[PDB]
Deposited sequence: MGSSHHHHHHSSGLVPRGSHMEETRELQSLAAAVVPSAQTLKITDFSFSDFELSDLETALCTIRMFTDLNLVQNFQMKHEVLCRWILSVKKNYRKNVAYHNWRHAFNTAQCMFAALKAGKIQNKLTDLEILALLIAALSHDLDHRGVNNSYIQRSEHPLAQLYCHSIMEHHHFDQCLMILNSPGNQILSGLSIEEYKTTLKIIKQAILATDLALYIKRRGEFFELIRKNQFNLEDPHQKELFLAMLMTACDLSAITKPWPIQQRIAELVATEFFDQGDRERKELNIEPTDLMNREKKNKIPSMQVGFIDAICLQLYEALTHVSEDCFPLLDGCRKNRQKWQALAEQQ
């Protein structure tokens, strides 16, 4: 109750003071407590505390719960990565102007999903995984003192819970590759329409992958640092091939996604832009072997 006390007691600086609206945001210099505050600020400015009557001590306790159920011993797949995915969701919603295209319940679900989508990850070297992540998510959402959805009606609740699940499931890269075909194909023909339930759900899945991979879009000194973390998990847990690997990952997985995303909303362009700049940096490196 120590950590809970001083998080509950704390005052929560604005979104601007916290820089959680910048696509180029980083957390390297933030204490855990500070990340907890940033996360509170996120729920608040998306109007989630308002519209769904969340009690402060419950939201605080829920966040500390999510944080605790990530493992420090894992280099990349930990609370910070979860934290950053949620921040990128937030920036895409505000700066990227995606808030306008989605319902409140969807937004609530995307935020929770981003924060929870890798819960209890033990490292890439230890959609099966995603089902286990959603499980952790549910268990926490139903824990006494932690019920941040209690204010929702049973209908709202069921709808939110189903969306949370699809969102976490969507972070299986396998699922992303299988489904992106239809997404790119739709946009290609200027047919993509969010008001169709089926495409709406597809977009939420793609948005999830986009935030999940947002590290690839960060300013070069930041991306280099993060790439180092994922290298630590990949190879040590538990010529240099990495720059070539990164260029491959960017080509196969990242570029088209961020291209499609900016097509949906011109203001997500920075994600695309940061990704390209990073490809440039990794390719130069690759050519020196």
Point to revise | Deposited-sequence ranges lacking C-alpha coordinates, in sequence order | key: 1-23, 150-165, 278-296
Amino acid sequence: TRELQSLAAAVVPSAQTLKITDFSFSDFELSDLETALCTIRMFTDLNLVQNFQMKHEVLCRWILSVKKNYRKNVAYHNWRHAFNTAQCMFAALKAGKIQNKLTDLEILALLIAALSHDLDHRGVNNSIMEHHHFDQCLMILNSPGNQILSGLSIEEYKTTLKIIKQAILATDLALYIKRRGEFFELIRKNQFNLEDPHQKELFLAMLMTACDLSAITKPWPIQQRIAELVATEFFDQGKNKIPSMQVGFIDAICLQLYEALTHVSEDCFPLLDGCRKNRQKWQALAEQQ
From here on, numbers count along this sequence of modelled residues.
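What we label the rigid core is the largest C-alpha set whose atoms superpose within 1.5 Å from one form to the other.
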Practice item. After fitting on the rigid core, pick out whichever of 65-73 or 42-50 shows the bigger RMS C-alpha deviation in 8 other deposited structures of this protein. Key: 65-73
**Study point:** Between stretches 194-202 and 129-137, more displaced by Cα RMS in 8 other deposited structures of this protein (rigid core superposition)
**Key:** 129-137
Practice item. State which stretch shows the higher mean Cα B factor in the entry: 79-87 or 135-143. Key: 135-143
Exercise for review: Using only the Cα atoms and their B-factors as the entry lists them, report which of 54-62 and 34-42 averages higher.
Suggested key: 54-62
Point to revise | From 212, 195, 172, 120, residue of greatest CA B-factor | key: 195
Check your understanding: Is the Cα B-factor recorded for residue 199 in the lowest, middle or highest third of its chain?
Key -> highest
Review point. Can you tell me which third, lowest, middle or highest, the CA B-factor of residue 116 falls into for its chain?
Key: lowest
Exercise for review: Grab the CA temperature factor for residue 150 from the record and place it in the lowest, middle or highest third of its chain.
Suggested key: middle
Point to revise | Third of chain Cα B-factors occupied by residue 27 | key: lowest
Revision key, fill the gap. Split the chain's modelled residues into thirds by Cα B-factor; residue 161 lands in the middle
